Amino acid sequence: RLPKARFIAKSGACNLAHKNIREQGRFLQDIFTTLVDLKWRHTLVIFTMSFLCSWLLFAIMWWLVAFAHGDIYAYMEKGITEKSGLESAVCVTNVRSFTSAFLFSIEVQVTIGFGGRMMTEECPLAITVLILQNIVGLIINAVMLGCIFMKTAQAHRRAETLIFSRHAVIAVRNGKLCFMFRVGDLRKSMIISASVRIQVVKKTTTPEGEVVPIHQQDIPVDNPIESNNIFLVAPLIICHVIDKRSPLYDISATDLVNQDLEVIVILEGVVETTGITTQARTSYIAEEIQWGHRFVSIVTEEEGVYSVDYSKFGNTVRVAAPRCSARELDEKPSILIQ
Amino acid sequence: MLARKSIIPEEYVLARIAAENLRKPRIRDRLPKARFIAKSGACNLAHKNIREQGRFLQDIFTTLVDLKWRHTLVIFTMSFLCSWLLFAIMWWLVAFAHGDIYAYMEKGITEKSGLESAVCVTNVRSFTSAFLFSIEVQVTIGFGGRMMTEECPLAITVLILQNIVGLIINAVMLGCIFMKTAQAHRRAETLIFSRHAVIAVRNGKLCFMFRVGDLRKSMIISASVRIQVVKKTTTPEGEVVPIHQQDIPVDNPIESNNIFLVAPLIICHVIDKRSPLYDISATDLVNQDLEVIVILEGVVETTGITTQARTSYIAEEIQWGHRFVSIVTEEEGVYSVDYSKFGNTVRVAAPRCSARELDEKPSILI
Ligand SMILES: Nc1ncnc2c1ncn2[C@@H]1O[C@H](COP(=O)(O)OP(=O)(O)OP(=O)(O)O)[C@@H](O)[C@H]1O
Ligand SMILES: Nc1ncnc2c1ncn2[C@@H]1O[C@H](COP(=O)(O)OP(=O)(O)OP(=O)(O)O)[C@@H](O)[C@H]1O
Ligand SMILES: Nc1ncnc2c1ncn2[C@@H]1O[C@H](COP(=O)(O)OP(=O)(O)OP(=O)(O)O)[C@@H](O)[C@H]1O
Numbered sequence: 030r031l032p033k034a035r036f037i038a039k040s041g042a043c044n045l046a047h048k049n050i051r052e053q054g055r056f057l058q059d060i061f062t063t064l065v066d067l068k069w070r071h072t073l074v075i076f077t078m079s080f081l082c083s084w085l086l087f088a089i090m091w092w093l094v095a096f097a098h099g100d101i102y103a104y105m106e107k108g109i110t111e112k113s114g115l116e117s118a119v120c121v122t123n124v125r126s127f128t129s130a131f132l133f134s135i136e137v138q139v140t141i142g143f144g145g146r147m148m149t150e151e152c153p154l155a156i157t158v159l160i161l162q163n164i165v166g167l168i169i170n171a172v173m174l175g176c177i178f179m180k181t182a183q184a185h186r187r188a189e190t191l192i193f194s195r196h197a198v199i200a201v202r203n204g205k206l207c208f209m210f211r212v213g214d215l216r217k218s219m220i221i222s223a224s225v226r227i228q229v230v231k232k233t234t235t236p237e238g239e240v241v242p243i244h245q246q247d248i249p250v251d252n253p254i255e256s257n258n259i260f261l262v263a264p265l266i267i268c269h270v271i272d273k274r275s276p277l278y279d280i281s282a283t284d285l286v287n288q289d290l291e292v293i294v295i296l297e298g299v300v301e302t303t304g305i306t307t308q309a310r311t312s313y314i315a316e317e318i319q320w321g322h323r324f325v326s327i328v329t330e331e332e333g334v335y336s337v338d339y340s341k342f343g344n345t346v347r348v349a350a351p352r353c354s355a356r357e358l359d360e361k362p363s364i365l366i367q
Numbered sequence: 001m002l003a004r005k006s007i008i009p010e011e012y013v014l015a016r017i018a019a020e021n022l023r024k025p026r027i028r029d030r031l032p033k034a035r036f037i038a039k040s041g042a043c044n045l046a047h048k049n050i051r052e053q054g055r056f057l058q059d060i061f062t063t064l065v066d067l068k069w070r071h072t073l074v075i076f077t078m079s080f081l082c083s084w085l086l087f088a089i090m091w092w093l094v095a096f097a098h099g100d101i102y103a104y105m106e107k108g109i110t111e112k113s114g115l116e117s118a119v120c121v122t123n124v125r126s127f128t129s130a131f132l133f134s135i136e137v138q139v140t141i142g143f144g145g146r147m148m149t150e151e152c153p154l155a156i157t158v159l160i161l162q163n164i165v166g167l168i169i170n171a172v173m174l175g176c177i178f179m180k181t182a183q184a185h186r187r188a189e190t191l192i193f194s195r196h197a198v199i200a201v202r203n204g205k206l207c208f209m210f211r212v213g214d215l216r217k218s219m220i221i222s223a224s225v226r227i228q229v230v231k232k233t234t235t236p237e238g239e240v241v242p243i244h245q246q247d248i249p250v251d252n253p254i255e256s257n258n259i260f261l262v263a264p265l266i267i268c269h270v271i272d273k274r275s276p277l278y279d280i281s282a283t284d285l286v287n288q289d290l291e292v293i294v295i296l297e298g299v300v301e302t303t304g305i306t307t308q309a310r311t312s313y314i315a316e317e318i319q320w321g322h323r324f325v326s327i328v329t330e331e332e333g334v335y336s337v338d339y340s341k342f343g344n345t346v347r348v349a350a351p352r353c354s355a356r357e358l359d360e361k362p363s364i365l366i
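Residue numbers (PDB author numbering), protein chains in the order written: chain B, 30 to 367; chain A, 1 to 366.
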């Protein structure tokens, strides 16, 4: 039926729905930012279209400025008269058609300037138009150059690359139940200063009466040294041991599948090749937690080097796990201990 | 040609030293060795049978940005030459079709005409001229003895197409050059490690020590030291953890994992109960399947890039009973260190028992 709520999905990307946020209006800086945040298939198109539109716009202006002076009349009557009676008076030499104005604009801005179409020193309006057009062309070229530099810089990153298991396990390890999951890497480099944090999502209350709605917490990931940095070259099985103080201690075994909990995993680090800090997220819910199972080993010795095979990443076989809550194993040994 | 037609000689006699020498072992171990990471970085694992994700052209561009400086110039030059040539051929075909080549040849064979009033693209007469006109249009030179009259609109289309593509080429190549010039400090990493490891006696318990130093005149900031032991174990309930990496404390005055790296240092590691080195003895520590990894992290203030340096130790290289010679020495007016005494180790009084028992038998004597 209607889906029961999750906090963050099976592919990260927190599903929260902020609503009625007090928003301000438009900051055109946001539009420019969209300009730099683009796809190449569209960046190339707008890049070309800017130049095409600019040339056409200044071509129409150039035709008008060739219209104002006595230019078109002179070049239309010279053909009839076949007389060189218009040698020097014209405003922009040999500009006599909208096509010719368009060609002159192309010549002037990309700095081609073939030089058969000279620009005299007479019509001040024309000199104003030339100054304006040259400045606009310089600005446009600089902006697009900046766009290309940002594109090249943001080329290297492709997509998130740290991979978490289909589901997790809850095994028995060293005389106390432990929550385990599997994390792997697909990169060529390795993640510097990697860190892993685990959280328990549960709707909670406080004994004195306050109400906490989607409260977070944190569960102590274990190392023999009480520290959280982890080095990831082989696929790893992150583990967390159940103590009396984690909220993952009073749950039962059979009745986990019908129980309101969520386990969020956050893995951060800094990539060595390009030096960009990254954070990858995932979550496990009640429906996708297989109690009492355990992961099979995947690293073996191939007589030349160690060898692992991620094709067998998510397979998980069931082995022994006592049918009691992780509390019953310590409050009353005779209840569980055997 | 048919070397061994006469096949008759078979099983007459061989009867020889092939393995029945009896004074030489028949076996040939051949001594192959596998370590978790090579002695000089380059983690050597074996990923295979991974569900592949195909390829995408953005990866080709990503390769374009990451090239050695002796290939960027080559791809630059090839790109420029190919572009000029391609548009030269387009211009040559345009000149051919519109009847310009014939007009120029016929009216220049006899100079009587001098007619250039009806031509598609003036003063293009050969492929040489077309491959000099395309030069004058792409690089924004514009020599201008060859105007483009306004008539033939196909030529104008070609000019628009070529100018825009030329700008694209110029912008992309400038971007590549700038990106490679900005990230030009980033040569490589030059962290120097001692190779041999001692287990001396100091401060009432054993140790685990080596030496590390830099070469760049910039010291490394927020340097952190991590030491791990690689071994295969199983749960008491019996599950194969294939290559368990166990973290072990590196001692320090306040138990924190930063180190300040200016003069080379000893990196101690006191063996205590939790440490996996509790159970290793003198004659034992030549035979063992263990690999101790060391991970050094920091940033270099000059380039502003985070760096991670890796090395690996095996039980075979580690030589019990030694320590490191005091490389430093107060000189005439200023301290100094001779890195030439890097791998040099000396021997001194070394107990031969295990730290497992160096508290069990409570006599500092062994
Ligand atoms: N919805 C919101 N959007 C943006 N900023 C907010 C929002 N709510 C609170 N803030 C920030 O918190 C502070 C709230 O102070 P303020 O005195 O405006 O509270 P308030 O608006 O009276 O609260 P309420 O409207 O809920 O009664 C402000 O500085 C504001 O920047
Ligand atoms: N060998 C592999 N090669 C490439 N990607 C992998 C590999 N193993 C796992 N992944 C990635 O890790 C994620 C988790 O895979 P997992 O094995 O946990 O799920 P799964 O049930 O095997 O998924 P599927 O049913 O699609 O095979 C997947 O989305 C997948 O993209
Ligand atoms: N003066 C030095 N310059 C550069 N590297 C050094 C120097 N001294 C030692 N090393 C490093 O120490 C590591 C061990 O090398 P090796 O065992 O061949 O020499 P060593 O005994 O440590 O020192 P030496 O060669 O001075 O006797 C090498 O990786 C090497 O790079």
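By construction, the Cβ of each residue, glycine as well, lies at the ideal position given by its N, Cα and C atoms.
- Judged by their CB atoms, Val250(A) and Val225(A) are nearer to each other than the 8 Å cut-off.
- Of the residues assessed, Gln183(B) falls on the exposed side of the cut-off, its CB having fewer than 16 other CB atoms within 10 angstroms.
- Exclusion of the five residues before and after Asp279(B) leaves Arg356 as the residues of its chain whose Cβ lies within less than 6 Å of its Cβ.
- In chain order, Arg323 make up the part of chain B whose C-beta sits under 7 Å from the C-beta of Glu239(A).
- Each of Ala34(B), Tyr104(B), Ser83(B), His196(B) was checked against the Cα of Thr311(B), and the nearest Cα belongs to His196(B).
- Using a CB distance below 8 Å, the part of the stretch 175-195 of chain B facing chain A consists of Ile177, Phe178, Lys180, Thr181, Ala182, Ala184, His185, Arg187, ordered along the chain.
- Using a Cβ-Cβ cut-off of 8 Å, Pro242(B) does not count as an interface residue toward chain A, since no Cβ of chain A sits closer than that to its own.
- At a cut-off of 8 Å between beta carbons, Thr302(A) makes no contact with chain B.
- The nearest non-hydrogen atom of ligand 3 is less than 7 Å from the C-beta of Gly343(A).
- In terms of beta-carbon proximity, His47(A) lines the interface with chain B, with at least one pair separated by less than 8 Å.
- The three-state reading of DSSP puts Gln58(B) in helix, counting H, G and I together.
- Judged by the Cβ position, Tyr313(A) fails to qualify as a neighbour of ligand 3 at the 7 Å threshold, every heavy atom of the ligand being at least this far.
- For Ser340(B), the CB falls within less than 7 Å of some heavy atom of ligand 2.
- Taking CB atoms only, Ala263(B) has a neighbour in chain A less than 8 Å away.
- Comparing alpha-carbon positions, the option among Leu57(B), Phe36(B), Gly54(B), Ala118(B) lying closest to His47(B) turns out to be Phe36(B).
- Rounded to whole angstroms, the separation of the alpha carbons of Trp92(B) and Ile156(B) is 14 Å.
- Just so you know, the alpha carbons of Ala223(B) and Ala350(A) end up roughly 39 Å apart.
- Closer than 8 Å to the CB of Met90(A) there is not a single CB belonging to chain B.
- Scanning its chain for C-beta atoms nearer than 8 Å, with the 5 sequence neighbours on each side dropped, one finds around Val286(A) the residues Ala315, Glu316, in chain order.
- DSSP places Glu20(A) within a helical segment (H, G or I) once states are collapsed to three.
- Residue environment for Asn163(A): buried (at least 16 other C-beta atoms within 10 angstroms of its C-beta).
- Counting of Cβ neighbours within 10 angstroms places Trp69(B) among the exposed residues, the total staying below 16.
- Taking a C-beta cut-off of 8 Å against chain A, the contacting residues of the stretch 202-218 of chain B are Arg202, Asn203, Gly204, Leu215, listed in chain order.
- Taking 4 residues as the shortest admissible run, the stretch 196-250 of chain A contains no complete alpha helix (DSSP H) segment at all.
- Taking the Cβ of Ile266(A) as the reference point, every heavy atom of ligand 3 lies at 7 Å or farther away.
- Using a Cβ-Cβ cut-off of 9 Å, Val334(A) is close to nothing in chain B; its nearest Cβ partner there is about 35 Å away.
- Rounded to the nearest angstrom, the gap between the Cα atoms of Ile221(A) and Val299(A) is 5 Å.
- Per DSSP, the beta bridge partners of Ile295(B) are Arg226(B), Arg310(B).
- Set against 7 Å, the gap from the CB of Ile156(A) to the closest heavy atom of ligand 1 is not smaller.
- Inclusion of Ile192(A) in the 7 Å shell around ligand 3 follows from its C-beta lying nearer than that to a non-hydrogen atom of the ligand.
- Interface annotation, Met173(B): in contact with chain A, CB-CB separation under 8 Å.
- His71(A) carries a helical assignment under DSSP once its states are collapsed to helix, strand and coil.
- Within the DSSP bridge table, the entry for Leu265(A) names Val212(A) as partners.
- DSSP, reduced to helix, strand and coil, places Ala38(B) within a strand of the structure shown.
- In its chain, beyond the 5 residues on either side, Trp84, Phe87, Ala88, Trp91 have a beta carbon closer than 7 Å to the beta carbon of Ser134(A).
- Identification of residues in the stretch 63-86 of chain A having a C-beta nearer than 9 Å to some C-beta of chain B yields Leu64, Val65, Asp66, given in sequence order.
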